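**Q**
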Amino acid sequence: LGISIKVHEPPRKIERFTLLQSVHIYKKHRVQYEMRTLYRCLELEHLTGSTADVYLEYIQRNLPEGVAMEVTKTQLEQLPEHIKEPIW
Amino acid sequence: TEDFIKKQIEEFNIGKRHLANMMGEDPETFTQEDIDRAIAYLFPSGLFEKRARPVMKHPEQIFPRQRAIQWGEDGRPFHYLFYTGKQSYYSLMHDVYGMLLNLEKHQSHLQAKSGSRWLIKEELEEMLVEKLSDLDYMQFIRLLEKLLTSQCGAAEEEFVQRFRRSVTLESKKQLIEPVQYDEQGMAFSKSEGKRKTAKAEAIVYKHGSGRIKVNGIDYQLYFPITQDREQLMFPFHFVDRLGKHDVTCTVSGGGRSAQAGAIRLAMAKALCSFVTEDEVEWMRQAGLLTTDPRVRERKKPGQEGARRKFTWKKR
Amino acid sequence: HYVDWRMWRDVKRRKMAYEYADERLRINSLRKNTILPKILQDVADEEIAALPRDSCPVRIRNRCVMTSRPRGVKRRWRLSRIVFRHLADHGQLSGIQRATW
Amino acid sequence: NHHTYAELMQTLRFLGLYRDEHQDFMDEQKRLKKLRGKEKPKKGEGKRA
Amino acid sequence: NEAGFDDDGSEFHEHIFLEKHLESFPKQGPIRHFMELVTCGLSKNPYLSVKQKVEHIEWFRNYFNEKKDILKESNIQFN
Amino acid sequence: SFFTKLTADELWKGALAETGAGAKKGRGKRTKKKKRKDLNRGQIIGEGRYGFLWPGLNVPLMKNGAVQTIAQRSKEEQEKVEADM
Amino acid sequence: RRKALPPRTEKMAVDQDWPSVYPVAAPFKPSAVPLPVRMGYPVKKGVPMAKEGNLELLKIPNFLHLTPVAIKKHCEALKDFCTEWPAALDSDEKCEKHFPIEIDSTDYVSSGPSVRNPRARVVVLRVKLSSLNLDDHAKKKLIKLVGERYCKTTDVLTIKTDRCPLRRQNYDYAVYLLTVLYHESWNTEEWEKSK
Amino acid sequence: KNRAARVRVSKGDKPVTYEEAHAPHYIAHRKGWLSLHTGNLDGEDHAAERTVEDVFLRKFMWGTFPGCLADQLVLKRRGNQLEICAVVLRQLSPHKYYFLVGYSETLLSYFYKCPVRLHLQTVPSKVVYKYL
Amino acid sequence: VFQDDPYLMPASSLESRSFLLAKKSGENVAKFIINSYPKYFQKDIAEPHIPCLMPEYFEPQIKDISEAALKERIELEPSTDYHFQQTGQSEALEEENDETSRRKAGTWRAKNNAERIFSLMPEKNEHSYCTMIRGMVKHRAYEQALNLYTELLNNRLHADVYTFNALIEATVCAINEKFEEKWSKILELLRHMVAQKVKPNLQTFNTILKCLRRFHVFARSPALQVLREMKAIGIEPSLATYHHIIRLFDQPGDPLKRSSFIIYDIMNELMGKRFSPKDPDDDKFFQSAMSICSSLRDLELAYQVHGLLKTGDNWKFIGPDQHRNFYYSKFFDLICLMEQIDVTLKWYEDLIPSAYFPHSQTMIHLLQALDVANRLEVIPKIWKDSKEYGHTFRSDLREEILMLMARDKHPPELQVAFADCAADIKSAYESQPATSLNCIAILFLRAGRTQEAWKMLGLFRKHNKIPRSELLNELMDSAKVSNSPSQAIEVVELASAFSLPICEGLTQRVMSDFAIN
RNA sequence: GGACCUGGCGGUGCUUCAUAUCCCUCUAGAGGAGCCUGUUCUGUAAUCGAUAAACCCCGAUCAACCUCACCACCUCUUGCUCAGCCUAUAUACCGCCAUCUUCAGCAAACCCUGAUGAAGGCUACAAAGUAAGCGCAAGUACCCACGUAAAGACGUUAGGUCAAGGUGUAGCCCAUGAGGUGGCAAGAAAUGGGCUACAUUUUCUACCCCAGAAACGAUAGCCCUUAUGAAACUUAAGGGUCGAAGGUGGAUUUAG
Ligand SMILES: [Mg+2]
Ligand SMILES: [Mg+2]
Ligand SMILES: [Mg+2]
Ligand SMILES: [Mg+2]
Ligand SMILES: [Mg+2]
Ligand SMILES: [Mg+2]
Ligand SMILES: [Mg+2]
């Protein structure tokens with residue numbers, strides 16, 4: 102669709118916490134649970150609002166059940182109003 | 070259970086057809102490596118064990134081999150040594166002692182008429210499918226060694242070459258860095274190195290006086306400790322080029338000995354480009370051209386830390 | 028059917044704390060000021076110690092929603108280390124696996 | 054609001070839409086306990102009889 | 317994520333400039349400093365709606381003119 | 088406190104105790120024994136304890152080419168099926 | 049009582065298109081697939097389990113719905129909502145010369161019908177300072193005024209705003225802050241001589 | 036001696052499925068998670084609600100359908116999707132099954148306020164992987 | 088709407104019927120368990136509030152008010206409570222939400243309360259008279275519709291189409307050979323609307339059209355004229371008046387289907403585009419059009435209803451289950467007995483497989499069309515579909531399918547015909572039978588299977604009926620040319636033992652098999 | 001009573017090993033002083049269970065007020081949830097595990113030998129054992145193949161936990177159920193573990209180690225302030241007063 106992205110991987114995080122294994126008293130033996138979190142970003146460049154709605158819809162109508170999504174658009178604007186030659 | 074093998078082979082074939090249909094290719098060209106690519110993309114399993122994958126292959130690897138029936142309707146065994154149970158292994162042993170006996174006959178009648198490796202026991206029971214032990218395997222191997230010593234003809238060379246294999250490379254020779262030319266860059270090379278959570282990229286410059294620069298600033302100002310200075314002199318003392326290298330370097334992460342050893346490894350890997358190959362061969366067997374694997378291991382729970390138990394009283 | 032009173036009283040404290048939030052907020056706004064001199068803060072202290080019990084979030088005990096145990100609790104999923112280990116060893120809570128490091 | 058869950062399952066068992074095996078087993082053991090001869094005292098009977 | 321939950325169409329200046337709720341209060345002194353502190357506290361709070369913020373504002377006004385005995389014992393006049 | 092109502096075989100493993108320590112050394116007289124009977128043989132789906140009539144669970148749906156209505160039996164029919172049980 | 053029905057696996061012919069077969073993201077009923085793929089840790093003298101009863105195939109999603117030709121069909125039907133990034137605005141220096149002010153947004157997703165996200169209300173404003181009509185005392189005053197909010201190296205003033213939970217409201221707030229900063233940069237006050 | 040929810044083989048007489056025959060030290064290796072949701076990733080809110088919804092959902096779906104689950108549920112989860120695909124015994128009428136599928140659709144979709152479509156994969160018996 | 092999985096699919100339309108009614112009856116008892124406990128589904132966790140998630144309320148919150156209590160007790202025994210609170214709380218009924226609402230609720239008593247409110251409360255009796263005439267069509271009252279039209283004309287307002295349309299419909303209900311009375315009613319209503327200065331309705335057009343078309347057998351002309359009178363307003367005709375037009379064109383158009391084509395063209399102007407729906411029956415016109423084109427072999431209107439079926443606008447599919455069944459059956463029988471084998475295979479993929487299984491005459495048309503194109507291989511799957519569909523026509527479908535396999539000889543490539551014979555034999559003896576047994580005997584005789592022929596003879600010889608004489612001579616030939624006269628002896632002794640007339644020739648064949656063979 | 005089989009045991013024999021290991025060896029610590037946190041006991045009206053390997057900053061990743069299962073006093077009996085119980089039984093259990101286990105065995109079905117007895121089934125130049133399944137091994141994550149993690153079968157201690165949660169056996173249910181204020185947690189005396197030190201390789205100012213000066217460590221207790229709380233009697237932090245005794249610890253050991 103002519104969007105011109107790259108593919109890139111941020112380094113991982115592993116959340117590792119620890120619980121007691123027994124119920125009354127055996128402290129020296131614990132059970133660890135991992136929590137692996139991977140990271141996979143894309144940089145979506147040079148598109149307008151309507152086209153961003155196209156490709157964002159074509160992701161978010163095909164979004165899986167295990168992955169996440171964070172949308173951060175960098176929008177455009179020319180000039181504030183009373184900033185040209187202002188006195189309040 | 071043979072009929073199940075027929076049904077599985079035709080299902081694998083028509084699934085190949087439907088994979089070529091959904092992938093838009095011809096059923097005449099859609100091959101096994103492309104089959105693996107397509108089914109590997111189409112079903113993303115999140116597992117670490119590769120046998121727990123979505124698998125669609127040549128089904129004779131997927132199905133274990135159903136054994137051939139040794140008797141017809143009259144019930145007679147087809148093979149002569151069937152009644153020892155281990156028919157195939159003992160048949161093979163009989164044939165190999167026959168090859169050795171006619172080879173001894175050929176040596177006596179020659180006086181009268183004048196890299197590779199063995200299999201393992203598991204590979205043998207893969208080949209001849211019939212279970213064995215280890216002492217009978219070893220006896221078979223020792224018979225093969227008595228085969229391989231005699232004046233054996235080329236047919237017998239092929240016959241022992243049936244149970245020979247191909248070893249890997251013992252090819253661990255060091256890697257030369259190419260001499261690079263970046264904007265009149267003469268006497269230049271590079272390498273990388275890593276020891277103890279520390280990355281270091283050193284540059285060699287064969288046109289400079291005897292000192293080291295690190296990130297521009299001098300290695301005396303970078304190293305106040307003499308141990309690190311011996312650590313940097315070590316390869317250059319080994320190649321006798323103490324005054325031939327004013328060099329710039331980079332390092333990131335870790336403490337004094339960590340960054341020192343990482344820069345030493347980077348300089349060692351880099352200096353291959355301006356020496357004889359025997360220099361880095363000797364350096365490598367002096368212990369230079371390798372990564373030190375000693376990274377500190379995690380702590381194991383229920384202990385003080387990483388090896389030390391708590392003060393468990395006995396009483 | 029609920030059977031118990033330690034769990035039910037912790038839910039009691041939670042809801043009566045949810046009620047008495049902005050009033051204690053205004054009283055402690057009267058408290059922590061170097062401006063607004065002492066006697067106003069002291070009648071604020073009279074007021075807030077005169078409030079009924081089960082009305083402050085000091086009393087809040089983050090117990091389990093499956094077995095009501097006060098201790099050995101994850102605040103990430105609001106239940107006990109036993110029952111979380113139960114449903115984790117069965118394999119339902121996503122991402123949580125047993126750590127092979 | 055856990056009491057809504059409890060009373061929800063209580064009515065669904067009472068309407069026979071949920072099959073609450075724990076309460077079937079508990080009324081079975083209570084049935085045996087009243088069947089033996091050691092049932093609950095009445096409101097007004099107890100230690101004072 | 318702003319769909320339907322919209323803080324009832326308030327402008328930014330209805331969040332920032334809260335001088336429009338501070339009529340019956342003095343000008344230079346300790347208590348107007350206290351009111352500037354609670355006004356700028358409710359300024360930087362985006363977990364409350366502007367209506368709730370004016371509700372706390374009127375509670376402070378009602379309370380600070382309710383107990384005028386010690387506030388006129390305070391040797392400074394509160395409006 | 089409520090969500091520990093479990094499956095049927097777990098209730099029978101709890102109360103029966105036929106993998107416990109008493110089996111191995113013969114730790115009781117064998118005359119003390121409690122057998123295990125089945126609780127889930129005779130309740131069809133949509134067996135309400137009230138007399139509930141269903142065109143999808145109780146009674147078949149197309150009454151000779153017509154649907155029946157959602158209804159509920161009387162009290163003495165509930166007494167009849169209780170006496171049947 | 050008891051019935052017996054075969055699947056559609058024999059029924060569907062060889063050339064049926066997969067958008068008609070698997071349109072959308074499926075929980076994978078294995079009645080419709082004609083592909084015989086096994087998954088499982090198999091037993092030693094046995095087989096991996098087939099697709100029937102395969103809960104491992106139910107937890108793992110197939111990508112069979114995303115037929116690449118059907119991806120292409122949905123793309124060419126989605127040609128209509130498009131615009132064009134105008135060709136004067138491809139090299140990014142020219143895009144800064146025509147638009148040097150960038151406003152960022154934040155949006156996320158969540159498992160569950162609840163939609164709200166607390167971290168989705170900040171709109172960080174990013175202005176490269178070399179496009180403005182700032183005079184010398186004025187630029188010196190803007191630096192003294194913002195302090196640490198302006199990256200000195202690549203000349204990017206960055207202003208964060210989260211004092212109100214709406215994106216457009218904080219965006220107008222950062223624009224108002226820039227507007228009153230560029231009110232203030234010109235004006236030399238009374239004590240600025242008492243420097 | 037660690038005993039999880041795993042199978043402790045007594046004789047070659049216990050028909051066991053694929054799921055029960057793997058111990059939770061195999062989960063990242065040889066198994067798959069029953070539910071799947073983004074509530075355990077960071078950052079994400081609304082976690083304990085997702086867990087109580089899954090636990091109540093599975094206990095309800097089992098205790099309602101008497102013996103009509105060959106295994107536990109699959110609760111895939113995507114925003115406004117609570118997608119049910121379970122494995123049922125080929126014992127009862129499909130008319131009654133569609134009655135109960137619509138029943139669970141209506142009750143869950145009005146209780147947890149979310150679009151739910153059920154799916155079933157009928158199995159003729161208890162599914163077996165091992166006689167362990 | 089159903090699952091795709093193999094065990095729970097429907098195989099008959101009764102299966103889909105009970106599936107969908109199982110779904111909706113679970114939904115109904117689900118909404119009943121919701122409104123019996125409204126305090127259990129109120130805790131909201133979803134933010135954007137899909138509006139179907141809260142229960143509905145039948146309670147009154149106002150008692151001391153009068154009109155709010157009447158509206159909140161009727162429109163929100203409940204109609205009796207609204208009426209009693211209106212009669213004892215001085216609460217005047219309106220001309221809206223009360224007359225037709227209590228008429229659908231409760237219908238002579240609603241008329242009695244309406245008349246007491248008309249003589250008791252001073253409402254404008256024009257719209258109340260319109261709703262009273264519309265209720266009087268269903269409370270069986272005509273002179274009240276005459277008084278309602280008179281009171282609407284004299285009530286200082288213009289009359290609605292409701293009162294006059296109810297009068298026209300319920301008065302042309304029992305029209306005893308009236309052929310000009312409908313034209314006089316339409317002309318007097320035309321003068322009435324020219325005195326009312328508004329266009330005539332679609333409701334009066336459809337009502338007078340159905341009530342005139344059911345009055346005579348060939349009175350579709352005035353009904354189609356009413357459809358055209360709606361068509362000359364600026365809006366198109368409804369498909370219900372055109373449906374009555376095609377229905378009265380199909381009864382009296384027996385020797386000529388051109389008037390059926392004329393009423394079909396009225397529907398094609400009325401529903402032959404994108405469905406702009408205002409019809410009460412927008413499916414009957416297209417179903418009757420397909421039935422006319424399939425009973426007259428007109429491959430234009432069948433294509434018209436098929437392209438209008440579900441691609442452009444899918445209003446033209448089914449209101450009932452019978453609409454889908456009739457349209458699919460007619461188009462499938464026409465495409466099977468009129469078109470070639472490719473379209474019949476398309477019918478087997480796209481009407482019988484797109485809907486549920488075929489009917490009995492539909493299966494006979496499928497079997498005859500397959501015998502035209504020589505396809506008796508998938509007769510057993512459709513036979514199982516028919517026996518799963520029909521409890522009585524399986525014996526009449528299996529033998530009528532297997533006669534062409536029972537009368538064609540053993541080819542080497544005709545083993546599927548014998549397998550169809552064997553499966554129909556097991557299904558036709560096993561389900562719930573003289574002709575079926577004799578047809579199974581002749582079919583397994585024509586099969587070419589020795590054990591199957593002997594088993595069909597040993598099964599049919601005790602069905603109180605011996606075989607036919609051609610079957611008897613074929614069995615005697617297969618005995619005597621087997622060097623074993625046992626079956627010839629059995630055929631002769633049974634045709635003398637079942638009181639059959641094949642006695643002398645069959646016994647001569649038996650003696651020839653014994654002595655001459 | 002005579003003979004015999006299996007297991008245990010021998011301060012029982014021969015041979016070979018033990019790689020943190022049995023010693024001779026190597027390093028750093030405990031026991032000697034102060035404090036903190038647990039155990040038995042005393043007082044009080046004052047909690048519950050473990051207490052040898054395999055128990056002691058235990059269940060607790062949290063007892064000032066809920067955390068209170070401990071009691072005194074004032075009360076309630078659909079008492080509150082179609083009841084409930086933290087009442088006695090881990091010697092009715094499910095469930096979770098500790099040691100053996102830092103292993104290599106366990107083992108359904110046959111066959112054979114002991115005259116067809118309990119029982120046993122081992123010699124590769126091979127005299128009867130073969131064998132489905134579990135486990136080890138093979139395999140998975142961390143930096144690979146090393147190593148670590150993880151798994152570790154069946155049985156052992158009626159091992160521990162009916163106060164994670166449910167549950168059978170027995171008891172209360174106008175109470176052993178339930179609502180409120182108060183105190184129970186301070187030491188006669190020992191006692192396991194942890195921290196701090198007992199100096200000159202040391203202490204302090206800056207510098208992250210090219211300097212200089214001085215030839216140690218702080219509890220408790222005392223006054224004040226700050227943090228949270230409705231409340232500082234102990235909880236957390238900061239300033240000041242003096243700062244006890246320890247001048248490197250013996251039988252005995254701990255870990256690598
Ligand atoms: Mg250490
Ligand atoms: Mg273990
Ligand atoms: Mg108690
Ligand atoms: Mg005990
Ligand atoms: Mg292993
Ligand atoms: Mg282990
Ligand atoms: Mg104990």
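Protein chains in written order, with UniProt numbering: chain S, 102 to 189; chain E, 70 to 183, 196 to 396; chain C, 28 to 128; chain P, 54 to 102; chain V, 317 to 395; chain B, 88 to 172; chain G, 49 to 243; chain H, 36 to 167; chain F, 88 to 163, 202 to 231, 237 to 562, 572 to 656. By construction, the Cβ of each residue, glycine as well, lies at the ideal position given by its N, Cα and C atoms.
Pick helix, strand or coil for E:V361, following the three-state DSSP scheme.
**A** Helix.
**Q** Please report the straight-line C-alpha distance between F:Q210 and F:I161, rounded to a whole angstrom.
**A** Going from the Cα of F:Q210 to the Cα of F:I161 covers about 11 Å.
**Q** Evaluate contact between the stretch 382-392 of chain F and the stretch 404-411 of chain F, counting only Cβ atoms and requiring at least three cross-stretch pairs below 8 Å.
**A** Too few Cβ pairs lie closer than 8 Å, so no.
**Q** What are the start and end residues of the beta strand (DSSP E) that includes E:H326?
**A** Here E:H326 belongs to no beta strand (DSSP E), and DSSP marks it neither H nor E.
**Q** Output yes or no for whether 8 Å exceeds the beta carbon distance between G:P75 and H:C120.
**A** Cβ distance < 8 Å, so G:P75 and H:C120 count as in contact.
**Q** Of all the options S:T119, S:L102 and S:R141, which has the alpha carbon lying nearest to the alpha carbon of C:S107?
**A** Of S:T119, S:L102 and S:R141, the residue nearest in Cα terms is S:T119.
**Q** Which residues does DSSP pair with E:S333 in a beta bridge?
**A** E:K280.
**Q** Where does F:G520 sit, in a helix, a strand or coil, going by DSSP?
**A** Correct three-state label for F:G520: coil.
**Q** Measuring CB atoms only, is the stretch 125-143 of chain G touching the stretch 123-140 of chain H, in the sense that at least three cross pairs come out at less than 8 Å?
**A** The stretch 125-143 of chain G is not in contact with the stretch 123-140 of chain H.
**Q** CB-CB under 8 Å to G:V204, same chain, minus the five flanking residues each way: which ones, in chain order?
**A** Contacts found: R174, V175, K176, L177 and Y198.
**Q** How long is the line joining the alpha carbons of F:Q333 and F:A349, rounded to whole angstroms?
**A** Cα to Cα, the separation comes out at about 19 Å.
**Q** Relative to the C-alpha of S:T149, which candidate in G:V72, G:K92, G:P78 and G:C130 has its C-alpha closest?
**A** Per the Cα distances, G:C130.
**Q** Spatial neighbours of E:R276 within its chain, please: CB distance less than 7 Å, with the 5 preceding and 5 following residues excluded, ordered by chain position.
**A** Here the set comprises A339, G342, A343, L346, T372 and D373.
**Q** Residues of chain S with CB closer than 7 Å to the CB of G:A73, please, in chain order.
**A** The contacting residues are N163.
**Q** Could you tell me which chain B residues have their CB closer than 9 Å to the CB of C:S56, listed as they occur along the chain?
**A** In chain order: nothing, as chain B lies at least about 38 Å away.
**Q** Examine ligand 1 and report whether any of its heavy atoms sits within less than 7 Å of the Cβ of C:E46.
**A** Answer for C:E46: no, Cβ out of range of ligand 1.
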